[PDB]
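Form deposited in one PDB entry, single chain, as structure tokens, below.
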């Protein structure tokens, strides 16, 4: 008896709830995602995930009016993780300013936005997350901080062509930022 979904929120640990405009006229109220049709939920969430994967700052800003900054997908990713991995410091800052949990861990290894930024070699995003107050000591399921992950990826990166050489330079910048080195 859903007319439309008119809002989203996180609940508890890792759950989503939706604000429902009811067909029969009862005042809108919050229900767990499981109480209503999967297709109506999926169709409501789509523009959010599209905006995050496009690092579309304008669309994220508009959608935030009614939706939770920390909406999670099936794998426990929030928009912050998607835009951090893509290297969008503009969208990282937008979402942080909107109240995103900077320390959110996913369910595909327990990675944070800082692990995504370190692993995809996004030094400006690592800088931004540190500035904005991410807890750099948060560990993934393997017990690795973002700094330890960056060092691991550096050790597995060969030195053989100019693109690989450049990747190593970016990883070294990630490492220097997380170590708190003087620039």
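Definition used throughout: the rigid core is the maximal C-alpha set that superposes within 1.5 Å between two forms. Residue numbers count along the first chain shown, from 1.
Averaged over CA atoms, B-factors in the entry run higher in 58-66 than in the other of 58-66 and 127-135. Relative to its counterpart among 170-178 and 13-21, 13-21 has the higher mean temperature factor, C-alpha atoms as listed in the PDB entry. When the C-alpha B-factors of 107, 71, 94, 80 are ranked from the entry, the top spot goes to 107. Sort the modelled residues of the chain by CA B factor and residue 148 lands in the lowest third. Sorting the modelled residues of the chain by their CA temperature factor places residue 117 in the lowest third.
The following text describes the form solved in complex with a partner chain, which does not appear among the structures shown.
Here the chain stands by itself, but in the entry with it bound one stretch of 129-137, 56-64, 31-39, 151-159, 151-159, has heavy atoms within 4.5 Å of the partner chain. Shown alone here, residue 26 lies farther than 4.5 Å from the partner chain in the entry with it bound, counting heavy atoms only. In the entry with it bound, the partner chain lies farther than 4.5 Å from every heavy atom of residue 146. For the chain shown alone, residue 107 is not a contact residue for the partner chain in the entry with it bound, no non-hydrogen atom being within 4.5 angstroms. The closest heavy atom approach of residue 120 to the partner chain in the entry with it bound falls within 4.5 Å. After superposing the rigid core, the Cα of residue 169 is displaced by less than 2 Å between this form and the one not shown.
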